[PDB]
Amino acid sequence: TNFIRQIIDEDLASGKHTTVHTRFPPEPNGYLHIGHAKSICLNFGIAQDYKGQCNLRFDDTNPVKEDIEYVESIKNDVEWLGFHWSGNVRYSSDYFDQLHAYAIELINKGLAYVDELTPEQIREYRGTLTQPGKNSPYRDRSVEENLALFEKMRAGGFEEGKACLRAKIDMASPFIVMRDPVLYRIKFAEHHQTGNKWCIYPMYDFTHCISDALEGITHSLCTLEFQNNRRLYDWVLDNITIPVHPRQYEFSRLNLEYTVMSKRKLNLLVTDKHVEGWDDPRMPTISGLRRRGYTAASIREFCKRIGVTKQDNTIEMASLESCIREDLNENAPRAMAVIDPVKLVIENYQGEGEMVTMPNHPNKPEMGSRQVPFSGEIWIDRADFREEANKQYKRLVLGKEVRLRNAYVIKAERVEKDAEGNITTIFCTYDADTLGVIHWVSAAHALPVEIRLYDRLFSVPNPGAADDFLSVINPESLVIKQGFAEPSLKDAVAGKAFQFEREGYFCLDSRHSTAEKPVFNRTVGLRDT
């Protein structure tokens, strides 16, 4: 429960409503991100919890920032998260003729006029945060004059910026938004839904309350930066002939540590080619997180955990990562892969090899087992061998023995270094009566596989509050390795988490993998204590 659900509860009890109807209304000017997932979880979650309805409405009022690519991706992401909207997909543009009729009602009532103060002047006349504004000299035109001028705007008789329609409210209001807000502005831009039918487009505040009202939304849930705007939400609905009056309730937006959510900013990273694209695995976008190997359920859980309050907040990446590790630990089948490999030859070995039976899940016998090959010339991870180290080090030191994963207890004996002091191969012996643990991959049957180790995109926790967020990009956000994996990984499918033992959870990258050369993105590392 959260403050919003307590309100809905009151509403139902008091008999103010019988059904609850919410809506998720993104503008199609970019791809959805983890922050939006919190609105999706909130809006669609309430609908299903209260057996209500939730609309997916594209708030498409500004054509010069929107594109059809975004509408199809947004729908994709909403479904992938595991949610379904009520009825057909809606668009604010579906209501352009409606919105235009309402503007006329406002004009007819003398509550709206066509102003001609230039874009620079409207700012000058608006006042400041402590000084009231002043009336445009075009404020007292007659209704008859406004109808004429407005139809002229509609007919394309005015150049962009040359005229706009404003609400006649109060230039001295302490609410900056009630200072004669613009309802319509001229944009000769083709719209992704309505083509060139319109050259005048409605503003967010005029469009939002009216759309909610027409869809019979009972509770509009938005983020905190809209509390000031609520005054205009109610003023519009109170002054036009509409039979219902939805109520707006604001919650705090999600800020994630080490990442920027601003679409304006996320678009800079994509536009300037600093990430592969909106769905690059380092992006905090839904599609990015999906490609990274995140599961829709891990995200739904993440929203469940962070809560819904009116408090500004900043969640640590640790919280997100906790969610995904938990999901994958449960459902991810284990496998073996070596990221940085140094060759290890067992001298004592006899034969072209053998076959060990490894479990697909160490703590869940039910998941099955597999027959993995073994031999003398295997592949091991560099960081697992040490010529010398204290008692703490529980891996392969040049003296003692260590158990291979589901195999033999080998024993370090001799090292053969390259010219530059760097080791090239390690020589050891094994006890055959056996079958300090490490993973390995029989060089004989090793599958060459490219690994992509992702790390946080920014090097500061709040790249948002930086003079230039780009200059604070982490150069080690993506470190590409070439390694080897057991041949079973030959049958992996894009977006199927595997837990490379003692490393982390990894998944096949659809964008880069091929037949011989698979590419694995590292979703998340293990709790490396």
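Residue indices: 1-based, along the sequence shown.
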**Study point:** Deposited but uncoordinated residues in the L435/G436 interval
**Key:** 10 or more
Point to revise | Mean Cα B-factor comparison, 84-92 or 127-135, giving the higher one as deposited | key: 127-135
Exercise for review: Would you mind comparing 452-460 and 360-368 for me and telling me which has the higher average C-alpha temperature factor in the entry?
Suggested key: 360-368
Point to revise | Top residue by Cα temperature factor, when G216, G277, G156, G353 are compared in the entry | key: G353
Review point. For the listed residues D340, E316, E120, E145, which one has the largest C-alpha B-factor as given in the deposited model?
Key: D340
Study note, to complete from the structure: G52: CA temperature factor from the record, placed by chain third, in the middle
Study note, to complete from the structure: Assert third(CA B-factor, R166) within chain per record equals lowest
Revision key, fill the gap. Chain-relative C-alpha B factor for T271 (record values, thirds): the middle
Practice item. Just say lowest, middle or highest third for the CA B-factor of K109 relative to the other modelled residues in its chain. Key: lowest
Check your understanding: Of the three thirds of its chain by CA temperature factor, lowest, middle or highest, which one includes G195?
Key -> middle
